[PDB]
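Please work out how this folds:
(chains A, B, C, D, E, F, G, H, I, J, K and L, ligands or ions: 20)
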Amino acid sequence: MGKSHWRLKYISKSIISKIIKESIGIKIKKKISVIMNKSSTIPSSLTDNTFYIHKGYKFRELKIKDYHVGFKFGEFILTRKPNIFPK
Amino acid sequence: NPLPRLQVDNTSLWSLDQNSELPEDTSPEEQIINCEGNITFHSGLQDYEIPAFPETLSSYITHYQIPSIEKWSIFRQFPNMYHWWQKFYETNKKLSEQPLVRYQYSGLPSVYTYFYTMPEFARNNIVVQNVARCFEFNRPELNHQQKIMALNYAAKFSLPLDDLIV
Amino acid sequence: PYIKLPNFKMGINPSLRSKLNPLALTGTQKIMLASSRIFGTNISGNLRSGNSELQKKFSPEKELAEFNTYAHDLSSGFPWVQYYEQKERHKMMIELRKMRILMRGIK
Amino acid sequence: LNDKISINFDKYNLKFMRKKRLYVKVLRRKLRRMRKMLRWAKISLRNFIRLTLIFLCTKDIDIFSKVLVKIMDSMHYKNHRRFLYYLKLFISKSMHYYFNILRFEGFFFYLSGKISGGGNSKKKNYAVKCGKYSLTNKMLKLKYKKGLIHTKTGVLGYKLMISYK
Amino acid sequence: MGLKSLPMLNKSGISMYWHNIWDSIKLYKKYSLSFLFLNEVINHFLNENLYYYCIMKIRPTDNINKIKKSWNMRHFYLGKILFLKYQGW
Amino acid sequence: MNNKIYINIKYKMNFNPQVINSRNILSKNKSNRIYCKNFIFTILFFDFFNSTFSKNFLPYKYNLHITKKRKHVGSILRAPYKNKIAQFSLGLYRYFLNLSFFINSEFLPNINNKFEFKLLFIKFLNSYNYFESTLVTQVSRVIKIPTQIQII
Amino acid sequence: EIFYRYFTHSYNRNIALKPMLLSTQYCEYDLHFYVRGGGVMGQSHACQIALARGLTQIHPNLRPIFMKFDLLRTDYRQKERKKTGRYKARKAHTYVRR
Amino acid sequence: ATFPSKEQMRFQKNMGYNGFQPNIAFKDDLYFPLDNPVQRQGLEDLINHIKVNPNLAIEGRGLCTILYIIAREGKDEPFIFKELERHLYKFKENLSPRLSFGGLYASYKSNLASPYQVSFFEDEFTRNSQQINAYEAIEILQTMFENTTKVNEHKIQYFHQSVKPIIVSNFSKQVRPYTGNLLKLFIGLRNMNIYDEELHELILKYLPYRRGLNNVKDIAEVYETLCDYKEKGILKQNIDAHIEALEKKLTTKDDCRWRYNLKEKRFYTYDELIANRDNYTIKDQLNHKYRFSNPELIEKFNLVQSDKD
Amino acid sequence: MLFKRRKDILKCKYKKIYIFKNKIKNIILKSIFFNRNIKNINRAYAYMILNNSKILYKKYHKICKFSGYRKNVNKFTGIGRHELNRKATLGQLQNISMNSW
Amino acid sequence: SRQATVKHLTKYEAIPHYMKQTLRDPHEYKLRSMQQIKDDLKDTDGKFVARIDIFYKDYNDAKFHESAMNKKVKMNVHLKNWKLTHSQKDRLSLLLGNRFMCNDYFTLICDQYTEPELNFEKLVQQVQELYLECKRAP
RNA sequence: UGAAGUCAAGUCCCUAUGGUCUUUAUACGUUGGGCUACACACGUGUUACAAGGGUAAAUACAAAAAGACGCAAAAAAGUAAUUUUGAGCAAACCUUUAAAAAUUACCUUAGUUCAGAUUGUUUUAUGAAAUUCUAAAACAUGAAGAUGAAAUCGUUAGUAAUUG
RNA sequence: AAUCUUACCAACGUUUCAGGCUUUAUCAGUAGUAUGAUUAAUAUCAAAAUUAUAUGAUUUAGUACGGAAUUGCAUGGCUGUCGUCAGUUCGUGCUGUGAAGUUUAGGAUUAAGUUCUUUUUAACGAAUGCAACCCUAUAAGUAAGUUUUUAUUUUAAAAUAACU
Ligand SMILES: [Mg+2]
Ligand SMILES: [Mg+2]
Ligand SMILES: [Mg+2]
Ligand SMILES: [Mg+2]
Ligand SMILES: [Mg+2]
Ligand SMILES: [Mg+2]
Ligand SMILES: [Mg+2]
Ligand SMILES: [Mg+2]
Ligand SMILES: [Mg+2]
Ligand SMILES: [Mg+2]
Ligand SMILES: [Mg+2]
Ligand SMILES: [Mg+2]
Ligand SMILES: [Mg+2]
Ligand SMILES: [Mg+2]
Ligand SMILES: [Mg+2]
Ligand SMILES: [Mg+2]
Ligand SMILES: [Mg+2]
Ligand SMILES: [Mg+2]
Ligand SMILES: [Mg+2]
Ligand SMILES: [Mg+2]
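Numbers count the residues shown, from 1 in each chain, chains lettered A, B, ... in the order given. Ligands and ions are numbered 1, 2, ... in the order given. Next comes the structure:
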């Protein structure tokens, strides 16, 4: 499930800054690849690009592909390490 | 027996000294204390009017004296009313005695005075039309300035866009 | 999945704003419009416009009127206060610790 | 306030005699052991007797409270226990007679904590009682203070209570 | 300890005036909080002499221990502060 | 030339009002109460000034009415923590008056200006607060005056 | 409103006219009673008390009859309060000892 | 990061809650807020307190302050001043500067004071000519034009003796940072028909280039006058560069075009603007990003999407 | 530095002042965003600016001036829970009484 | 108390198109001119006067931020000076909308501004604009 | 509404405070995350295992309480959640509020027109923001459960239970 | 408990007072904002437009630095429970070498240390608690009545319907 379609999808201050820096041709780098605000939707222009996503005290990596479009960043990342009752 | 008393209503100013020279030794709060009787400040009255507070109080307990203030307040109402009712008779008496002429219309502050200066493409949008209604009628909170300053922020959204933003 | 089915009913879902033909208006329609200029009413379709958020009332200052009382902290609202005694106790107790701190540093 | 004001720094209608008589001396003889405790505070003897009679009449918790706090602070934390035993006798025996005259009825005073003790030492509770202090009497009247005293050992809370007709 | 529930409020509205007598509607929050700001301004204005403070620093220029102890007000004994409202007063 | 005027006034008074038949007789188990006595100065106004009231400009049909209403402040927990049972309730009681009296008139005031709206309504109602005591204070107030305006 | 068109079921309806049998004055009078408050059963039993108190002004001979049928006595019995730590009047949480 | 931050601390300032006004009473010998309508009724009571009381005692403060306000509010009172000039002997060579400013300021603006009353303050204003503030002295110039009791000649000789050393000494700090101190001065001189070159030099260096000239009525009246002095040739110093700057403001700023004409030399009416309602002269106005800050990136944005074609 | 109360009161203060002045701005932007009759672009460019603002001064949460405790508050009085239990002892609350229904 | 709202089945659904009711717009005609109106009031020589009833309230609570509570100004207007035809009356009942109106008078309220003066003159500008647009019918 | 005081009962982490410790860090601001994890098991509470029930259609009666950083009628649209719209009221005046039951008719004891979890996908509402981590409606999915061992709890009349 | 909250984890950053007062030094085309750019965010930078509003913005030193850090077995304050059980306790007098008791032990009554009693060569009295005063529901009696309450009745006008 998601929001109604007319409630347009969320893209924060940050990614709007990044999409412009894509538009200029400025490549993505150490800090520019960094992502926060996981609820921001995963835009379409940024295909063929790596983005180091943040959780907790370290990061996760991914590449964008046309299937990944539309989703949210935080739906690919795991925060809570799974629980296993020992022997 | 009831102690002596003083009253101070804005004639205070006349006795008042400069601030460049004041009693550094003696303080008013000490004078209030060491001087006998009681002391009263109040914002002022008219010649026909009575002090609000009863200048004397029979008892000293809170519970047993407050009724003396109710009696005092009701005892105060009457001269103010004869001043009030008498005017309320007189004002009406002028107006039926005045002559009728056309109602001298006057100016209101409204946002339409700015709307009809703008060009078509702004005036024709559904946005700025719906702005000038609800900010004119259903929002008294705002000044005449704060509403005019609101259209010009809305008119900016009548304009078109660059290709970056799109 | 997305189950769609045909709606055998037709036509735009009607509205006052949509019944109006400005080129060919009735008498009952010019009259209502003549009311809108007077009192500032609105005519809009069944769908949402922003007038409901322009007509709302939003008074945040009323909370500030509580923060501006400064009953809770007199010094912030009436800086002439100077709690002399509470400062004295605060100074005596400190200095007596410093007697203890140095005398325990040796011992 | 956007409103008119009148402030009234008024005083009490009560006054005291100019001549010493028996009925002053009867109190001075009883209130002697406290004089040592009273000189520490640089408080006079004449004034202490008056404020209580102003207190028994005027029924203002604030006045008689400050009299204690100036005593209970200037003293040392050894001696609080004795000062109260002189205060219990003073109220219970001497001033218990004035109650029925002034349409006054009731006194109660309850301390809390380390009234005299050092470091790790138990709590103790002290009380004073005379007259009527009832609470289910919704037609009886009261006035209530909840107070505070600071020491080097800790903290002490005191509850003045009072009742009248 | 046994629960001594609220005695004063059980008694107030039927046998005892509250510490103030006024009432208000739609402005209960201001007056109830603003008079509390004034109960203690006046206490701390009287019980601590501040006319001697407003002279020394608030005023430009172009005894001390005697004041910090409030020796001039050692005989002062306040009883209450009371508030009222009526007739715009 | 008997145009009518309407004035409705509401009061607030926390304590109970007292019946005037109940002054010489009242049970001693209830004598130590408080009451908002002297809530009838409103009625007394139209008997002292009965001689001053002209025939052109005369009050009549003055009436009172009583109501009661409770507001709810909420049930507040009485402990610092971990006691949900301990809840002392708090509420607020009130008693409202509703005065209502008419005054006739031979006049009929004419209007020709905006400032006349202030000379007759805004200066009087704001100065109507005199009709008040300590316990008996007023929330609202109304005035209705027929008038004439020369539109067009 | 009409009698059959307000009190639909008859057990709501015989209650209001139980005095009218006891009077034997059937069809002599024309009735108009206005009610507001409560629910239907509680709204009907009030109509017993009102006619029975209305008739006796006319026919005081009928009083000892209405005494026996208890049609003139009110019912001060009224619903009780929800205490704090109880789910309602006379209903407490489960006791747990372990 | 620090807490509180500076951008936060301005919030409490812009709303105004950082002040505590009773301190002002010890700073100013005159202090009358009148922040409420009740406070204003407190003023009228004084005015009736005097008319009814022929026998009356004062100090130097309460006299001078009431005149300051009646002048500030503009109320007419031909009876008040004769009643109060009697006591002026009591406070000769004694009054503060701030108070000596008041009754001076009121004696001019009242158009009701006596030539003895004005004479009393002029001796005192000079007696405190150093400590007195610059903006205070400027408001005196605003009253010389509004008074008619005196002839303009005596107002000028008094202006050269006492007022010049105030302003010229206190120009760089009290006046130069501020535009309002300058504008009222520049208007106050032409209305007085006094033209000294020690000031117009110091003034015109800064005025026509400021951003503080936000009201076009402030811009225009300077353009209205500086165009006139050229025609008369009164001032000797060249001004041509100053006037050209104001023209560029009146042209470029789209509001001035909408409210004023250089050629026709007037403001527009309200009806005339409705004629130019639909005439949209503006060039390339639209929602933008980086345009006036960094138009280079817009060019790059054209290259990249063109390269993808 | 400041103790916990006098600090936290200011935080919840600056959050409101921001809202008080960006009131008109955020009401018009949000007006356009919900105006379904308009195209989607102008509905989005407003949504773009509506987020291009300090969100930090929008995360408001209630607080009691006296105790510094935030969770339970009486809007009728504008003060907290631990305090009303105290003032009720002193009877400082005006016109209140214990509900006996 | 209040009884509960219920949606009764007033109209049956399937009724033939020929047996329904349809009513034309009686307000479709040639609107009047101006001198036709002024020719009606010749007894008064170009002068009309309206009798009205002004309610107004005040509060002791209208202060620092609740000072907007004193902005309403309620009014009534008498109609017997208005020689209202059958067609002029219905036109007037539409402009007010779903608002109170009788044969004798009707209400007019304004809460558009803070100060009541500005909300009072606006009523006069409405009463004029309604009388003209009403008497623009015959 | 609830004595004296006990259980060194509980809390210094609402606020106060003695002793002790820290002070370029055990303090402070912000961003994101976390408190919502999942083998087994306990306490509490809602809904159900049906026909004194489920459903459709037409259609009655309440109290108490609240309302302007609000209640929001009337008409109209939508399947419905709900939306457009904002007359009127700061008030016993205007507004927000009933169901069960009763009437007519169907379903005919079946893991079922009972039950209603869980899941997929659009739509609806608030917000800056719903993925981690919200609530509701519809089309569709339609699991367990067939009145519960030993044991154990509440109640004393407008009480139990039922209804909102 | 979506963010804030929230104290916890990780990381970037800050190093000592918000307001008021005093004080050191610089800047003033500078300052500020519904402005603009910048960062994940606080922060930081700045002149396209706009605001100019009296006695500025920034900075040094000082004016009780701070602390959900610890000990509830050092304390206040707030509260639960024994318990809504009916007891706790004082002044004087009597009895007993004394601990101590009487009063607060008999009879009956009470939900109750409840009340009544002439039980007695000894207790009389007093406080607190239980109770009751107060609130909700009732009948009977008095007092007041609304443009807001409800009903009976009546005057006048309009619409609709009827037809005098
Ligand atoms: Mg809506
Ligand atoms: Mg929240
Ligand atoms: Mg523990
Ligand atoms: Mg938790
Ligand atoms: Mg069921
Ligand atoms: Mg239906
Ligand atoms: Mg309805
Ligand atoms: Mg509806
Ligand atoms: Mg309206
Ligand atoms: Mg049913
Ligand atoms: Mg199954
Ligand atoms: Mg089913
Ligand atoms: Mg079965
Ligand atoms: Mg969180
Ligand atoms: Mg956080
Ligand atoms: Mg910490
Ligand atoms: Mg413990
Ligand atoms: Mg015994
Ligand atoms: Mg009840
Ligand atoms: Mg009742």
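
Output stretch B:44-60 as PDB, nothing but the C-alphas.
Output in PDB follows, covering the C-alpha atoms of stretch B:44-60 (Å, rounded to 0.1, in the frame of the first residue of the first chain):
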ATOM      1  CA  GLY B  44      -7.900  58.200  38.500                       C
ATOM      2  CA  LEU B  45     -11.500  59.100  38.500                       C
ATOM      3  CA  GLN B  46     -14.000  61.800  37.500                       C
ATOM      4  CA  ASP B  47     -15.500  64.400  39.800                       C
ATOM      5  CA  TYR B  48     -18.800  62.500  40.000                       C
ATOM      6  CA  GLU B  49     -17.200  59.200  40.900                       C
ATOM      7  CA  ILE B  50     -16.300  57.400  44.200                       C
ATOM      8  CA  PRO B  51     -13.100  55.600  45.100                       C
ATOM      9  CA  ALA B  52     -13.300  52.000  44.000                       C
ATOM     10  CA  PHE B  53     -11.800  50.600  47.200                       C
ATOM     11  CA  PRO B  54     -13.500  51.300  50.500                       C
ATOM     12  CA  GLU B  55     -11.200  53.700  52.300                       C
ATOM     13  CA  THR B  56     -11.800  51.900  55.600                       C
ATOM     14  CA  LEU B  57     -12.500  48.300  56.500                       C
ATOM     15  CA  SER B  58     -14.400  47.300  59.700                       C
ATOM     16  CA  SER B  59     -12.800  43.900  60.300                       C
ATOM     17  CA  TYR B  60      -9.300  42.700  59.500                       C
END
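
Could you confirm whether that stretch reaches chain J?
No - counting by Cβ under 8 Å from any Cβ of the partner chain, chain J has no neighbours in stretch B:44-60; the shortest distance is 15.8 Å. No exception for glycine: its C-beta is placed from N, CA and C like everyone else's.

Quick one: distance of that stretch to the chain centre.
Between the centre of stretch B:44-60 and the centre of its chain there are 24 Å (Cα atoms, centre = their mean, to the nearest Å).

buried stuff in it?
Buried positions in stretch B:44-60, judged by neighbour count with 16 or more other Cβ atoms under 10 Å in any protein chain shown: B:44, B:50, B:51, B:52, B:53, B:54, B:55, B:57, B:60.

Quick one: residues contacting whichever residue of chain I sits closest to chain J.
At 11.8 Å from chain J, residue I:20 is the closest residue in chain I, using Cβ to the nearest Cβ. Taking Cβ atoms under 8 Å, 6 or more residues apart in numbering or on different chains as the contact definition, residue I:20 lies against C:60, C:61, C:64.

Go ahead and confirm residue G:81 touches residue I:101.
Yes - the criterion here is Cβ atoms under 8 Å, and residue G:81 meets it with residue I:101 at 6.5 Å.

Which parts of the chain are helices?
Using chain A. With DSSP state H applied, chain A shows helices at A:13-24, listed in chain order.

You answered for a different chain; I wanted chain E.
In chain E, the helices defined using DSSP H lie at E:7-15, E:28-46, E:51-53, E:64-68.

same thing with chain I?
Going by DSSP H, chain I shows helices at I:4-21, I:23-33, I:40-51, I:81-90.

possible to save those helices as a markdown table with distance to RNA strand L?
Shown next, in a markdown table, are these (distance: least, Cβ to the nearest atom of the strand, whole Å):
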| stretch | distance to RNA strand L |
| --- | --- |
| helix I:4-21 | 4 |
| helix I:23-33 | 4 |
| helix I:40-51 | 7 |
| helix I:81-90 | 5 |
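
So which of those helices is nearest residue F:46?
Between residue F:46 and the helices of chain I, the shortest gap by Cβ to Cβ is with helix I:81-90, which sits at 42.9 Å.

in chain E, what residue is nearest chain G?
residue E:5 (12.5 Å).

ok, that residue touching residue F:88?
Yes - using Cβ under 8 Å, residue E:5 is in contact with residue F:88, at 6.6 Å.

hmm, back to that, the helices of chain I into JSON lines, with extra columns for distance to residue H:66?
Converted to JSON lines, these look like this (distance: least, Cβ to Cβ, whole Å):
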{"stretch": "helix I:4-21", "distance to residue H:66": "38"}
{"stretch": "helix I:23-33", "distance to residue H:66": "42"}
{"stretch": "helix I:40-51", "distance to residue H:66": "53"}
{"stretch": "helix I:81-90", "distance to residue H:66": "45"}
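
Of those helices, which is nearest residue D:101?
For the helices of chain I, proximity to residue D:101 was assessed by Cβ to Cβ; helix I:81-90 is nearest, at 28.7 Å.

returning to what we had before: list just the one of the helices of chain E that sits closest to chain A.
Proximity to chain A (Cβ to the nearest Cβ) singles out helix E:28-46 among those, at 36.8 Å.

Export only the CA atoms of the helix or strand containing residue H:298, formatted as CSV.
Per DSSP states H and E, residue H:298 falls inside helix H:296-307. What follows is helix H:296-307, C-alpha atoms only, in CSV (Å, rounded to 0.1, in the frame of the first residue of the first chain):
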residue,chain,number,x,y,z
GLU,H,296,26.7,30.0,-15.4
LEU,H,297,25.0,26.8,-14.2
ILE,H,298,22.0,27.5,-16.4
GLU,H,299,24.3,27.5,-19.4
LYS,H,300,25.7,24.2,-18.3
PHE,H,301,22.2,22.9,-17.9
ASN,H,302,21.6,23.8,-21.6
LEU,H,303,24.7,22.0,-22.7
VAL,H,304,24.1,18.7,-20.9
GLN,H,305,20.6,18.0,-22.1
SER,H,306,21.6,19.2,-25.5
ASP,H,307,24.5,16.7,-25.5
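
so what's the residue of chain J at minimum distance from chain D up against?
Minimum separation of chain J from chain D (Cβ to the nearest Cβ) falls at residue J:63, amounting to 5.7 Å. Listed by Cβ under 8 Å, 6+ apart, the contact set of residue J:63 reads D:2, E:27.

Wait, a strand at it?
No - under DSSP: H, G, I helix; E, B strand; the rest coil, residue J:63 sits outside any strand and is assigned coil.

rewinding a little: what are the phi and psi values at the residue of chain E closest to chain G?
phi -70, psi 180 (degrees, to the nearest 10).
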